[PDB]
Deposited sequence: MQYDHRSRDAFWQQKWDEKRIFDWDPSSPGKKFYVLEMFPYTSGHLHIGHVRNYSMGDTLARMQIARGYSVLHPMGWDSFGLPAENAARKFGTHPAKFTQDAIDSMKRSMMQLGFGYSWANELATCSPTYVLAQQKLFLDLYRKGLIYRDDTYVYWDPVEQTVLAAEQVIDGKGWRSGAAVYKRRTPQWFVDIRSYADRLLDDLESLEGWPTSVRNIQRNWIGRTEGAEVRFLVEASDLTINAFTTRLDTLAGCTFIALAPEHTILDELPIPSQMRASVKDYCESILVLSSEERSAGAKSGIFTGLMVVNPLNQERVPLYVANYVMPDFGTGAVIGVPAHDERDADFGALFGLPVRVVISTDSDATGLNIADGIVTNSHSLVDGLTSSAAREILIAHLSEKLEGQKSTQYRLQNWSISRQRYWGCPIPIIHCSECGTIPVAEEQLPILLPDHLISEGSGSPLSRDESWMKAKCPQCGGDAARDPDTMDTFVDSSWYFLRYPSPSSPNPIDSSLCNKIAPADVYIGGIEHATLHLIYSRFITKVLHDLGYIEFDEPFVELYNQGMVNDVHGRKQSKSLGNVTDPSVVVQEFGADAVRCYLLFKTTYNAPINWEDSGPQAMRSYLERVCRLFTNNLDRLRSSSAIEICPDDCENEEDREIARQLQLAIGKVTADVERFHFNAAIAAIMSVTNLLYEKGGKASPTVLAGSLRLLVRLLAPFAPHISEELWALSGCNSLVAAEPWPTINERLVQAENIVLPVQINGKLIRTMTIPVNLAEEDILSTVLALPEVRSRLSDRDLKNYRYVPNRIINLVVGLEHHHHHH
């Protein structure tokens, strides 16, 4: 009988008009910043988002009721591959597709009653965001954090773009699922390697992150310890430093072998063999038979001072150490050759390092971050290339460099490179005719710092230091573990960079990270367009209302565990919510007779009122603590316990205790089921919005009732329980316990040695052996 199809909207408008969710930095309440991973604008809102975002809203609504000044914002991850591929697949320009998805997602969110501070909305594709990011790019470029280099990068032949190492998963492209290849090409990078030590060591301080996410990052960065041994070439200047962990076996080396892509290859079957390995996909390059080619030349071991053969082999992987190995048949080198140690490593490197012929080596798996993409739909790189002057920043006056409106979908090079009038630019140094950078920034550049932009999303400065340093770091960040070595690496990296450059005074973006579980279909399969099992949230919200949808997702299981979604699944929550409504409509006489919004000690005329009052106080405490640690399902169980309590014992309760309990019940329920809660609050005669009511606090007079159920152990084993008055003297407790028949029986041939009494919790009697 709650008409959600008109009433949800009615309450949403009430909350809007009171500005409940508008973040005000000049508010005096203690600051709280809760956010969730902002969505790609690749389609409509899906049920998984609803789960992810419901959790943030529930928390935010509670923290608002508790007096915090809460920033809970939302915006749109709208550039790069995801939006762009979805727009291509549909047949529309990505600007038009993106805007439609924004508009659809924002509408779905508002209809769910999600309480975002919309004044803080942003979209990474808007000119205002582009201006900010281009400024940030040019700052990082001036300080040497961003640089151009002509080196090996991953290439996705189906996306037709370069990809970052983090966007290569199981040798495949992040979005295409196509085998990735490696090309040498001039590209833009960020020097994340130079921060790799801080990224790795500062994991120890992130106690609010899951140890799983932390360990996944530890392995991604992949710091290794070993030794570099320099190997001189005969009729030549420069050496080739090999890398090993088994330095101990240095004199044991029968050979040296190189990576096909190594700088120093400075002829028939060499350049033929190499280009044959270098043509292989990243997948193929790791598997199959081992191969190689004798260089011809030879090279020296400066311990032994004695000559060694040089080779070029496929089993040397280019992304580990120096790309030179140092072989001994280590059964990698044994298959190749057919075609008592620790303090030894100490003294060896002493000899080598003191006579400049080797050293201690720290290596990282982490590759520097490729950000340039040969794609239309991303942030232009604000660089002009001049045949005279080289790479030149666009002047701040010219910012932002916006995309041309028309996209050219066929031709050579990158899509922007085909647009001759867009590409034409004056060199800002000499004034000659020059060319814009033809590439765009990867989507993970946008999302690496967006959380620092929400506090003033239309400012001509990228980041408002003074606002940010008050509202951030974010207290709570909610999103999927799939970002563990994408956005959660990059965001930590860019936070440190911006810290060091003065934008902010904190070094880590997110205090507490929570990873919501997957929402799957009823059979446990990932939802996807290709399986035709994508839930439409609007259909479910239309049938059941927003509250029932959100409470099913929150009550179904632990926050971090998978849900197998059923479209009829919210029916049981809807039924629970109607049972709450009926408890109000049954007691409406009593409600309209008392203004009580909670229970006072003077309202309790007996032991039954005090049992009720007590249960409510526990429920306040438990709901409060559980929301803040994301135990939403246990919080909702506590409210259902109260609800059962009131069905069972209400009506024997004094009217005032019952009106207070019911009003208290709806106050606790509000963060979970906000619309129905406003309805019931109003129906009970309140004029205010419950969403604006201070959150309940434990009345410490009502927390213990008159009697306590105390379990009794003997030697740690539960025997029975005993009900006693609260504040019984410890000697009277013991004397009462020793009098229980079960206890008198079990001690009739045994001596009492000790007891452990934990007040109002337990008594364990420590007893000797059978006489």
Missing C-alpha runs, given along the deposited sequence, first residue counted as 1: 1, 268 to 275, 339 to 340, 351 to 385, 818 to 822
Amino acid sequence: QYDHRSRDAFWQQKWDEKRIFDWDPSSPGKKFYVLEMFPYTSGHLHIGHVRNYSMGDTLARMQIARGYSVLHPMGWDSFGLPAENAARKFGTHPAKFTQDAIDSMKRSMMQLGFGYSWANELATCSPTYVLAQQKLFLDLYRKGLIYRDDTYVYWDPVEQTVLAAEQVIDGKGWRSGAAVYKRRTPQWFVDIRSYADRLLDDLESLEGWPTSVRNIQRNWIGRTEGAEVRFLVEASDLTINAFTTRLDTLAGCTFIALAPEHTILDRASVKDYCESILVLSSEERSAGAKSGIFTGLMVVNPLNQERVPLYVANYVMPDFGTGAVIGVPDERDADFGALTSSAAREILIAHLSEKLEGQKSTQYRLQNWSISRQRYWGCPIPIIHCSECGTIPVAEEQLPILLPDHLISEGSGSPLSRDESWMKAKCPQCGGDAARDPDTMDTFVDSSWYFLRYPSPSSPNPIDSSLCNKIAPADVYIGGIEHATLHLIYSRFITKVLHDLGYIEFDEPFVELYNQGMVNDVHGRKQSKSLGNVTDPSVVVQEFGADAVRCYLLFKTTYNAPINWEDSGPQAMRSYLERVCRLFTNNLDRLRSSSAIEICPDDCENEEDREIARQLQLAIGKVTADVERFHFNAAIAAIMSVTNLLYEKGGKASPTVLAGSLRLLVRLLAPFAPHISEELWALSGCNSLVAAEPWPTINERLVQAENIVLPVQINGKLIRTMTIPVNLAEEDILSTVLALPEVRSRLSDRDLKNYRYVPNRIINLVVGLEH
From here on, numbers count along this sequence of modelled residues.
Of 218 to 226 and 307 to 315, the stretch whose C-alpha atoms average the higher B-factor in the entry: 307 to 315
Selected stretch [higher average CA B-factor]: 594 to 602 or 674 to 682: 594 to 602
Could you check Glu410, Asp500, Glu275, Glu159 and tell me which one carries the biggest Cα B-factor in the deposited entry? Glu275
Per the PDB entry, maximal CA B factor within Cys379, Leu486, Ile384, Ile256: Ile256
Within-chain third of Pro562 by Cα B-factor, per the entry: lowest
Position of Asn707 among the chain's modelled residues by C-alpha B-factor, lowest, middle or highest third: highest
Comparing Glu17 with the other modelled residues of its chain, is its CA B-factor in the lowest, middle or highest third? middle
Please place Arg375 in the lowest, middle or highest third of its chain according to the CA B-factor in the PDB entry. lowest
For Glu346, the third of its chain into which the C-alpha B factor falls: highest
